[PDB]
Amino acid sequence: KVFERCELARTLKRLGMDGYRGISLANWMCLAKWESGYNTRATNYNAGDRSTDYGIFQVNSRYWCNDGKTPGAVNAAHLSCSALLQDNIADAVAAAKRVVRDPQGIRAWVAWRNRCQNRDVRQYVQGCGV
């Protein structure tokens with residue numbers, strides 16, 4: 001599923017993401033936009049280390065979900081990476097919350113540092129009613 005901007009905003013708010021571990025909704029939106037373009041089936045194989053990023057938030061199979069084919073992997077969130085490819089993003093949200101519980105926080109995603117950090121991100125939730 002490819003979410004519409006405001007549709008996603010309201011959905012993340014309902015799932016309790018606004019201000020989770022100090023992370024504003026606008027920031028989560030900026031992250032999803034650049035990671036997958038709000039697409040739940042987005043997958044990206046990292047040939048260099050043999051891991052794959054899954055879903056709307058591009059969660060890595062080496063630490064957060066299990067796909068069985070990732071060398072030296074762990075399952076921190078304890079999910080099947082398959083769960084992060086559903087149209088229903090409840091599991092992707094639970095995984096994303098787990099990622100930011102580590103000290104790195106939102107910085108865990110390099111794309112956030114490149115395109116969201118220290119920028120004006122109000123634009124991602126403008127006019128959505130959240």
# chains A, B, ... in the order shown; residues from 1 in each chain; ligands from 1

$ residues_around --residues "segment 40-49 of chain A" --least-positions-apart "3" --cutoff "7 Å" --atoms "only C-alpha atoms" --output "MDAnalysis selection string"
chainID A and resid 1:2 36 52:56 85:87

$ residues_around --residues "residue 109 of chain A" --least-positions-apart "5" --cutoff "10 Å" --atoms "only C-alpha atoms" --output "list in words"
residues 31, 35, 57, 58, 59, 60, 99, 100, 104 and 114 of chain A

$ closest_residue --among "A:23, A:14, A:50, A:4" --to "residue 71 of chain A" --atoms "only C-alpha atoms"
A:50

$ residues_around --residues "residue 125 of chain A" --least-positions-apart "2" --cutoff "7 Å" --atoms "only C-alpha atoms" --output "count of residues only"
7

$ residues_around --residues "residue 93 of chain A" --least-positions-apart "5" --cutoff "10 Å" --atoms "only C-alpha atoms" --output "ChimeraX atom specification"
/A:12,15-17,56-57,84,88,98-99

$ write_last_selection --atoms "C-alpha atoms" --output "mmCIF file, in the first residue's frame"
data_model
loop_
_atom_site.group_PDB
_atom_site.id
_atom_site.type_symbol
_atom_site.label_atom_id
_atom_site.label_comp_id
_atom_site.auth_asym_id
_atom_site.auth_seq_id
_atom_site.Cartn_x
_atom_site.Cartn_y
_atom_site.Cartn_z
ATOM 1 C CA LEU A 12 0.782 7.310 13.048
ATOM 2 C CA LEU A 15 -0.673 4.442 16.905
ATOM 3 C CA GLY A 16 0.980 6.700 19.511
ATOM 4 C CA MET A 17 4.009 7.914 17.554
ATOM 5 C CA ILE A 56 7.511 1.792 5.301
ATOM 6 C CA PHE A 57 10.370 2.581 7.720
ATOM 7 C CA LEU A 84 6.589 -5.367 7.894
ATOM 8 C CA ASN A 88 -1.622 -2.684 8.122
ATOM 9 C CA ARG A 98 11.845 -0.618 19.347
ATOM 10 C CA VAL A 99 14.611 0.796 17.139
#

$ residues_around --residues "residue 115 of chain A" --least-positions-apart "4" --cutoff "9 Å" --atoms "only C-alpha atoms" --output "MDAnalysis selection string"
chainID A and resid 30:31 34 110:111 119

$ select_by_dssp --residues "segment 5-128 of chain A" --states "strand (DSSP E or B)" --output "MDAnalysis selection string"
chainID A and resid 20 23 39 43:46 51:54 59:60 65:66 79:80

$ decode --residues "segment 71-118 of chain A" --atoms "N, CA and C atoms" --output "tab-separated table (two decimals), in the first residue's frame"
chain	number	residue	atom	x	y	z
A	71	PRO	N	23.18	-13.01	7.25
A	71	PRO	CA	24.34	-13.49	8.01
A	71	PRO	C	24.42	-12.76	9.34
A	72	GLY	N	24.96	-13.41	10.36
A	72	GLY	CA	25.10	-12.82	11.69
A	72	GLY	C	23.93	-11.97	12.20
A	73	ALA	N	22.71	-12.42	11.94
A	73	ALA	CA	21.52	-11.70	12.35
A	73	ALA	C	21.05	-11.97	13.76
A	74	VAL	N	20.24	-11.03	14.23
A	74	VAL	CA	19.61	-11.04	15.55
A	74	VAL	C	18.16	-10.55	15.33
A	75	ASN	N	17.28	-10.87	16.27
A	75	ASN	CA	15.89	-10.43	16.19
A	75	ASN	C	15.57	-9.65	17.47
A	76	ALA	N	15.88	-8.36	17.46
A	76	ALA	CA	15.63	-7.49	18.61
A	76	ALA	C	14.14	-7.31	18.81
A	77	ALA	N	13.45	-6.89	17.75
A	77	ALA	CA	11.99	-6.71	17.81
A	77	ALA	C	11.26	-8.08	17.87
A	78	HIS	N	11.93	-9.14	17.43
A	78	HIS	CA	11.40	-10.52	17.42
A	78	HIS	C	10.23	-10.79	16.46
A	79	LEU	N	10.26	-10.09	15.34
A	79	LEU	CA	9.26	-10.19	14.29
A	79	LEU	C	9.81	-10.89	13.05
A	80	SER	N	8.89	-11.33	12.20
A	80	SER	CA	9.25	-11.90	10.92
A	80	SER	C	9.26	-10.64	10.04
A	81	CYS	N	10.26	-10.50	9.18
A	81	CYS	CA	10.32	-9.34	8.29
A	81	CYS	C	9.09	-9.27	7.40
A	82	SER	N	8.43	-10.41	7.22
A	82	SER	CA	7.20	-10.53	6.42
A	82	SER	C	6.11	-9.60	6.98
A	83	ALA	N	6.05	-9.51	8.31
A	83	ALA	CA	5.07	-8.68	9.02
A	83	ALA	C	5.16	-7.19	8.69
A	84	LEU	N	6.34	-6.76	8.25
A	84	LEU	CA	6.59	-5.37	7.89
A	84	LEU	C	6.30	-5.07	6.42
A	85	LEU	N	5.63	-6.00	5.74
A	85	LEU	CA	5.27	-5.80	4.33
A	85	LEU	C	3.73	-5.78	4.16
A	86	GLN	N	3.01	-5.81	5.28
A	86	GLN	CA	1.54	-5.78	5.28
A	86	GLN	C	1.04	-4.36	4.97
A	87	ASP	N	-0.26	-4.22	4.68
A	87	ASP	CA	-0.84	-2.91	4.42
A	87	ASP	C	-1.13	-2.27	5.78
A	88	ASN	N	-1.36	-3.12	6.77
A	88	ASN	CA	-1.62	-2.68	8.12
A	88	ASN	C	-0.24	-2.45	8.76
A	89	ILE	N	0.08	-1.20	9.08
A	89	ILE	CA	1.39	-0.87	9.64
A	89	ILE	C	1.59	-0.99	11.15
A	90	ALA	N	0.68	-1.66	11.86
A	90	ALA	CA	0.83	-1.81	13.30
A	90	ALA	C	2.16	-2.46	13.70
A	91	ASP	N	2.57	-3.51	12.99
A	91	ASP	CA	3.84	-4.17	13.31
A	91	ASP	C	5.08	-3.35	12.92
A	92	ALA	N	5.01	-2.61	11.82
A	92	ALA	CA	6.11	-1.75	11.38
A	92	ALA	C	6.31	-0.65	12.43
A	93	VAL	N	5.20	-0.17	12.99
A	93	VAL	CA	5.22	0.85	14.01
A	93	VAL	C	5.84	0.32	15.29
A	94	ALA	N	5.46	-0.89	15.70
A	94	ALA	CA	6.02	-1.50	16.90
A	94	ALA	C	7.54	-1.70	16.74
A	95	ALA	N	7.98	-2.10	15.55
A	95	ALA	CA	9.41	-2.30	15.26
A	95	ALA	C	10.16	-0.95	15.31
A	96	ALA	N	9.59	0.07	14.68
A	96	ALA	CA	10.18	1.41	14.66
A	96	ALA	C	10.34	1.95	16.09
A	97	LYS	N	9.35	1.70	16.95
A	97	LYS	CA	9.42	2.16	18.34
A	97	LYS	C	10.58	1.47	19.08
A	98	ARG	N	10.78	0.19	18.76
A	98	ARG	CA	11.85	-0.62	19.35
A	98	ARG	C	13.21	-0.07	18.93
A	99	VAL	N	13.36	0.25	17.65
A	99	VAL	CA	14.61	0.80	17.14
A	99	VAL	C	15.04	2.03	17.93
A	100	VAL	N	14.12	2.98	18.11
A	100	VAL	CA	14.43	4.22	18.82
A	100	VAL	C	14.56	4.09	20.33
A	101	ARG	N	14.30	2.91	20.89
A	101	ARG	CA	14.49	2.71	22.33
A	101	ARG	C	15.99	2.58	22.63
A	102	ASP	N	16.79	2.37	21.60
A	102	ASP	CA	18.24	2.31	21.77
A	102	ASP	C	18.70	3.77	21.85
A	103	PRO	N	19.85	4.04	22.51
A	103	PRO	CA	20.39	5.40	22.65
A	103	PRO	C	20.48	6.29	21.39
A	104	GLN	N	20.74	5.68	20.23
A	104	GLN	CA	20.84	6.43	18.98
A	104	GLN	C	19.55	7.15	18.63
A	105	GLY	N	18.42	6.58	19.02
A	105	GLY	CA	17.15	7.21	18.72
A	105	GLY	C	16.87	7.26	17.22
A	106	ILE	N	16.30	8.38	16.79
A	106	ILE	CA	15.94	8.60	15.40
A	106	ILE	C	17.16	8.60	14.47
A	107	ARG	N	18.33	8.87	15.04
A	107	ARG	CA	19.57	8.92	14.29
A	107	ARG	C	19.99	7.57	13.71
A	108	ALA	N	19.36	6.50	14.20
A	108	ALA	CA	19.66	5.17	13.71
A	108	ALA	C	19.58	5.10	12.18
A	109	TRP	N	18.69	5.90	11.59
A	109	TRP	CA	18.52	5.94	10.15
A	109	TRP	C	19.35	7.07	9.58
A	110	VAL	N	20.33	6.73	8.76
A	110	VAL	CA	21.18	7.76	8.18
A	110	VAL	C	20.39	8.72	7.30
A	111	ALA	N	19.35	8.24	6.63
A	111	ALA	CA	18.54	9.12	5.79
A	111	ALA	C	17.93	10.27	6.60
A	112	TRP	N	17.60	10.01	7.87
A	112	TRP	CA	17.02	11.04	8.74
A	112	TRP	C	18.04	12.18	8.94
A	113	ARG	N	19.29	11.82	9.19
A	113	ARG	CA	20.36	12.81	9.36
A	113	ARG	C	20.58	13.65	8.11
A	114	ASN	N	20.55	13.00	6.95
A	114	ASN	CA	20.77	13.67	5.65
A	114	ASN	C	19.64	14.60	5.24
A	115	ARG	N	18.40	14.13	5.37
A	115	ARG	CA	17.26	14.92	4.94
A	115	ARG	C	16.24	15.45	5.91
A	116	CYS	N	16.37	15.16	7.20
A	116	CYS	CA	15.38	15.65	8.17
A	116	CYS	C	15.98	16.45	9.32
A	117	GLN	N	17.09	15.95	9.86
A	117	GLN	CA	17.75	16.56	10.99
A	117	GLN	C	18.07	18.04	10.78
A	118	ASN	N	17.71	18.85	11.78
A	118	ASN	CA	17.94	20.29	11.75
A	118	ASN	C	17.31	21.04	10.57
